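Each remark here refers to the structure printed beneath this line.
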Amino acid sequence: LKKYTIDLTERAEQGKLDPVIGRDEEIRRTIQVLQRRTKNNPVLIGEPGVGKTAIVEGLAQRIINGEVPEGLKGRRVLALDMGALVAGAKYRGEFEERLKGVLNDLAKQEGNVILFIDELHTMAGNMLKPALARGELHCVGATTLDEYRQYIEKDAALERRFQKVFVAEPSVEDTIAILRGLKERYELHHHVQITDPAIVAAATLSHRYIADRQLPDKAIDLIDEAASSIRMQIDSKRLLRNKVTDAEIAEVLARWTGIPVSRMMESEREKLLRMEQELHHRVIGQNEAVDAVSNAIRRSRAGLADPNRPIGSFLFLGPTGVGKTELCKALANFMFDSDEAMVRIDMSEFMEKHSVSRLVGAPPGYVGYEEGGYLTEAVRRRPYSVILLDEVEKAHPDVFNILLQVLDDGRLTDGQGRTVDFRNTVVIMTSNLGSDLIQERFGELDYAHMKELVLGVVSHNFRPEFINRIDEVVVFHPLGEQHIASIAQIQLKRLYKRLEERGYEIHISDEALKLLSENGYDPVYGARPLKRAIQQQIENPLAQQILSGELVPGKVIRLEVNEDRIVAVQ
Amino acid sequence: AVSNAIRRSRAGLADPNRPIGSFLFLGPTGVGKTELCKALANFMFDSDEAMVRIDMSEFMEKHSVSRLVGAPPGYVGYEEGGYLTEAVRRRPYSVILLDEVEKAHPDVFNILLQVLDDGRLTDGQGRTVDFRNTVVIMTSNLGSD
Ligand SMILES: Nc1ncnc2c1ncn2[C@@H]1O[C@H](COP(=O)(O)OP(=O)(O)OP(O)(O)=S)[C@@H](O)[C@H]1O
Ligand SMILES: Nc1ncnc2c1ncn2[C@@H]1O[C@H](COP(=O)(O)OP(=O)(O)OP(O)(O)=S)[C@@H](O)[C@H]1O
Ligand SMILES: Nc1ncnc2c1ncn2[C@@H]1O[C@H](COP(=O)(O)OP(=O)(O)OP(O)(O)=S)[C@@H](O)[C@H]1O
């Protein structure tokens with residue numbers, strides 16, 4: 001009744017509404033739907049964040065400013081609150097006398113009140129249905145595109161009374177103009193200086209890095225949060241910024257989606273040129289693999305990466321034991337500081353056609369639909385990741401197609417329908433396909449010979465549609481004598497750290513490191529023979545003296561050599 | 001010949017019982033099949049991503065059909081519609097890219113006959129959807145050799 005004078009036009013009269021910009025064809029349709037004699041009820045429908053509550057706040061800022069037609073001049077936009085009409089309506093028929101007491105004194109103005117039911121689908125609200133049809137209330141609803149479907153589309157006699165005046169998500173060029181007219185609201189709440197580089201590069205950066213939101217709600221937020229970060233650094237304890245710049249926008253996105261465009265200029269760019277030194281600390285050999293990996297991480301940090309495809313999509317073809325999933329563990333240890341920070345997926349677990357429903361999730365109406373699948377879910381959670389599709393050698397095209405879109409255009413949709421973007425991820429696919437051809441025919445193949453053998457899967461798979469998408473087919477060579485002599489003192493260095501925590505300190509001999517480098521050398525089995533020679537020649541002799549109290553903690557366990565048999569003595 | 005079906009019918013002067021264009025884009029790899037669906041969607045709607053791109057990701061299954069048309073009534077994903085059906089109810093004039101359509105199950109085409117001739121695909125909820133104004137492109141890789 002008169003507990004409801006909720007005047008959205010006096011909020012616009014007192015300057016308490018944000019200025020709306022450039023939706024002059026959805027307001028012009030909102031106006032002209034509101035000016036017809038039967039069911040003048042527009043419904044600003046559209047995705048969340050798009051700008052459809054802030055069209056009625058641009059009606060209210062045009063009605064109060066006289067940019068409307070002169071039959072709509074001097075109206076009143078009134079935001080009807082569903083919550084305030086149902087609150088306290090405990091007794092029977094209190095809500096109906098409350099709503100009729102609204103409908104009565106909407107009629108007393110004789111059509112000079114434009115009602116605004118924001119979040120229209122909340123209309124307890126059973127009885128407006130005849131008055132909405134005659135044009136007795138001018139009722140701008142503004143519900144989303146999925147909440148109109150599951151409430152108002154269910155009442156098929158109620159969605160007749162409403163004209164959807166669909167509010168499309170604006171472009172980047174329409175969001176920069178939206179943002180150039182809104183920054184004086186955020187330059188004045190935060191007392192900062194949002195510069196025009198921080199607006200062109202906040203509707204650009206959020207329009208590409210953000211996919212879970214709309215368009216006008218992402219760029220506007222970034223600037224809202226970069227300004228509240230600058231005001232934080234203005235206050236808390238020239239050199240300081242009074243000014244939101246385009247680098248401050250990227251810092252707000254770097255810690256919100258993974259990696260910025262601009263935080264690099266100090267010591268991260270030093271350790272990106274030191275990447276092949278940092279990756280060779282754990283993957284010795286395979287310069288052609290470490291260079292092809294580190295170039296793709298440099299191509300993205302320089303902003304040079306194709307923004308539609310992933311950062312890098314590699315196929316790691318080689319023999320066994322040569323470091324194909326050691327590179328992907330040394331890559332994720334480089335950029336995420338943990339080996340188990342890949343989205344690693346052993347491809348050998350899905351040998352069936354039904355096993356492709358665990359990477360994308362079950363379709364609507366099945367078990368495990370509501371849980372997604374752990375490729376698209378683990379990438380929707382953390383969008384900048386490394387995806388290890390380890391041991392990628394299956395005989396099913398249905399499970400391979402999934403990667404037809406991950407690697408080209410960088411998208412892959414849930415069973416739930418949510419499209420997950422892979423354009424910021426590094427997809428690595430380490431199979432074993434040139435194995436008996438890299439070993440024998442090594443030299444001047446230049447990935448043109450083992451790539452025929454990954455091409456020639458086409459009796460089953462590896463369709464040329466798929467190899468055309470992967471960015472680097474990578475040559476992994478077998479390990480030589482000098483390589484496994486240096487994977488020795490990696491796995492040896494990895495063993496003393498397993499013993500300092502026990503409290504035992506080991507010195508290695510210069511021949512004991514030469515025994516494992518000649519006993520654990522096998523050309524066909526890579527570096528796992530050395531990984532087994534250590535756990536057979538120097539760890540089983542250690543454990544019969546670590547258990548048996550023969551080796552006290554603290555004294556230096558000298559790994560001397562007996563008659564070609566490594567002995568642990570203190 | 002994709003700017004001839006949108007040229008026959010801008011206001012609509014094609015057959016008004018079948019879509020604006022139904023195209024199979026057959027070819028080798030890397031030739032521009034999916035790029036024509038992003039240069040046409042950029043021409044009509046001023047954005048490459050302004051088409052209904054259904055990759056045939058998980059379309060081989062024995063029921064992925066309910067992914068792009070919707071679950072049956074009373075099932076778990078029922079109230080969220082289907083991917084193809086809701087995107088054309090929401091905007092009837094779109095481009096629909098069906099990427100690598102041969103990599104889908106034959107049960108996918110058995111509901112995709114209804115959009116190609118009748119121009120109208122009923123869904124799992126049970127409402128009929130006008131595809132008579134959309135452009136349905138099916139890129140595929142058959143005949144590549
Ligand atoms: N054309 C515009 N001009 C100025 N600000 C805009 C414009 N469109 C959107 N905004 C701003 O975008 C933000 C969110 O938009 P809203 O319209 O309030 O929410 P919405 O789009 O209605 O989505 P909801 O959550 O379903 S109400 C607000 O800060 C608005 O001021
Ligand atoms: N080039 C290398 N540099 C350092 N360690 C290596 C190298 N190659 C193998 N290793 C070691 O051997 C193991 C790695 O084997 P993986 O590389 O995971 O198997 P793969 O080489 O990828 O081939 P597979 O059997 O087809 S998975 C780990 O213990 C690594 O420490
Ligand atoms: N005719 C063309 N004109 C311009 N760019 C092209 C053309 N053909 C291919 N390209 C480029 O090649 C890339 C991949 O080609 P796409 O057309 O996307 O894939 P496709 O040609 O449809 O074939 P697939 O793998 O079977 S889906 C595109 O991103 C373009 O950059």
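Ordering of the structure tokens sets the chain letters (A, B, ...); residue numbers start at 1 within each chain; ligands are numbered from 1 in the order shown.
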
Can you pull out the residues contacting residue A:429? Cut-off 12 Å, using only C-alpha atoms, and skip same-chain residues under 4 positions away; I want them as a short mmCIF file (atom, residue, chain, number, x, y, z; two decimals) with C-alpha atoms, in the first residue's frame.
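Output file out.cif follows:
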data_model
loop_
_atom_site.label_atom_id
_atom_site.label_comp_id
_atom_site.auth_asym_id
_atom_site.auth_seq_id
_atom_site.Cartn_x
_atom_site.Cartn_y
_atom_site.Cartn_z
CA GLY A 312 51.41 -25.34 -26.33
CA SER A 313 50.21 -28.73 -27.50
CA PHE A 314 53.08 -31.21 -27.71
CA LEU A 315 53.41 -34.86 -28.61
CA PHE A 316 56.30 -36.50 -26.80
CA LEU A 317 57.30 -39.46 -28.93
CA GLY A 318 60.25 -41.48 -27.80
CA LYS A 324 58.80 -37.97 -21.67
CA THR A 325 56.78 -37.71 -18.48
CA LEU A 327 59.69 -33.35 -18.73
CA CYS A 328 56.03 -32.85 -17.90
CA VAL A 343 46.21 -32.20 -14.83
CA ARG A 344 47.69 -35.59 -15.48
CA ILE A 345 45.46 -38.17 -17.07
CA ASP A 346 46.80 -41.58 -17.88
CA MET A 347 45.29 -42.23 -21.26
CA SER A 348 45.69 -45.97 -20.77
CA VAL A 386 49.70 -28.32 -17.73
CA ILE A 387 47.64 -31.21 -19.02
CA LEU A 388 49.54 -34.46 -19.23
CA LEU A 389 47.66 -36.89 -21.43
CA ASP A 390 50.14 -39.56 -20.50
CA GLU A 391 50.57 -42.73 -22.58
CA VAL A 392 48.33 -41.47 -25.36
CA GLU A 393 47.99 -44.61 -27.46
CA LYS A 394 44.37 -45.75 -27.74
CA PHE A 400 40.34 -38.93 -29.52
CA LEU A 403 41.22 -33.49 -28.25
CA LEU A 407 44.12 -28.39 -29.26
CA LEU A 433 55.16 -44.64 -30.85
CA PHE A 466 44.60 -34.77 -35.01
CA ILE A 467 48.31 -34.52 -35.85
CA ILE A 470 49.46 -30.59 -32.25
CA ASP A 471 52.02 -27.83 -32.22
CA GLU A 472 55.20 -29.82 -31.72
CA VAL A 473 55.81 -33.43 -32.46
CA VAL A 474 58.93 -33.75 -30.34
#

*asked:* Give me, as a ChimeraX atom specification, the set of residues whose atoms come within 8 Å of any atom of ligand 3, counting only C-alpha atoms and all ligand atoms.
replied: /A:404,408-409,465-466,468-469 /B:27-36,99-100,139-141

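Residues of stretch 26-56 of chain B that DSSP, applied to the backbone, places in strand (DSSP E or B): residues 26, 52, 53, 54 and 55 of chain B.
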
*Contacts of stretch 54-60 of chain A at 10 Å or less, counting only C-alpha atoms, minus same-chain residues fewer than 2 places along, as a ChimeraX atom specification?*
/A:7-13,16-24,26-28,30-31,44,49-52,62-68,72,74-79,114-116,118,140-142,167

*Near residue A:483, within 9 Å and counting only C-alpha atoms, which residues show up once chain neighbours fewer than 3 positions away are dropped, as number ranges by chain?*
A: 284-285, 479-480, 486-488, 517, 527

How about saving the chosen residues, N, CA and C atoms kept, as a compact mmCIF listing (two decimals), in the first residue's frame?
# COMPACT_ATOMS: atom_id res chain seq x y z
N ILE A 284 67.78 -34.35 -17.94
CA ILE A 284 68.97 -34.19 -18.75
C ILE A 284 68.75 -34.87 -20.09
N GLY A 285 69.51 -34.45 -21.07
CA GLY A 285 69.25 -34.84 -22.43
C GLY A 285 68.01 -34.14 -22.93
N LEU A 479 68.90 -42.59 -24.32
CA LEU A 479 69.89 -42.04 -23.42
C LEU A 479 71.22 -42.74 -23.63
N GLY A 480 72.29 -41.95 -23.68
CA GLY A 480 73.61 -42.46 -23.93
C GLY A 480 74.30 -42.91 -22.65
N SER A 486 74.82 -39.13 -15.69
CA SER A 486 74.39 -37.92 -15.02
C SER A 486 72.97 -38.00 -14.48
N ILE A 487 72.17 -38.96 -14.93
CA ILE A 487 70.95 -39.32 -14.23
C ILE A 487 71.27 -40.14 -12.99
N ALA A 488 72.48 -40.69 -12.91
CA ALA A 488 72.96 -41.28 -11.67
C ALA A 488 72.94 -40.25 -10.56
N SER A 517 76.59 -46.31 -13.41
CA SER A 517 76.58 -45.76 -14.75
C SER A 517 77.00 -46.77 -15.80
N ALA A 527 66.37 -44.87 -18.69
CA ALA A 527 67.02 -44.61 -17.42
C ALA A 527 66.36 -45.31 -16.26

*Residues of chain A near chain B: apply a cut-off of 10 Å, count only C-alpha atoms, and supply the list as a PyMOL selection string.*
chain A and resi 45-46+145-147+149-150+166+171+353-357+359-370+397-406+409+411-418+463-469

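Separating atom CA of residue A:489 from atom CA of residue A:516 is a distance of 9.9 Å.
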
Long-range neighbours of residue A:122 as an mmCIF file with C-alpha atoms, in the first residue's frame, 10 Å cut-off, only C-alpha atoms, 3 positions minimum in chain:
data_model
loop_
_atom_site.group_PDB
_atom_site.id
_atom_site.type_symbol
_atom_site.label_atom_id
_atom_site.label_comp_id
_atom_site.auth_asym_id
_atom_site.auth_seq_id
_atom_site.Cartn_x
_atom_site.Cartn_y
_atom_site.Cartn_z
ATOM 1 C CA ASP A 81 10.548 -5.640 -4.039
ATOM 2 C CA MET A 82 9.210 -9.190 -3.882
ATOM 3 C CA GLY A 83 10.857 -9.638 -0.517
ATOM 4 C CA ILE A 117 10.087 -6.065 -10.887
ATOM 5 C CA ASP A 118 13.774 -6.823 -10.736
ATOM 6 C CA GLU A 119 14.341 -10.582 -10.707
ATOM 7 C CA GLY A 125 2.908 -12.876 -6.880
ATOM 8 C CA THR A 143 15.126 -11.729 -15.230
ATOM 9 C CA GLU A 147 15.629 -18.030 -14.676
ATOM 10 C CA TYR A 148 12.951 -17.015 -17.111
ATOM 11 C CA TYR A 151 10.013 -20.152 -13.608
ATOM 12 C CA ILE A 152 8.248 -17.872 -16.062
#

*At what distance in Å, to one decimal, does atom CA of residue A:536 lie from atom 8 (N, counted along the ligand's line) of ligand 2?*
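Separation of atom 8 (N, counted along the ligand's line) of ligand 2 and atom CA of residue A:536: 18.4 Å.
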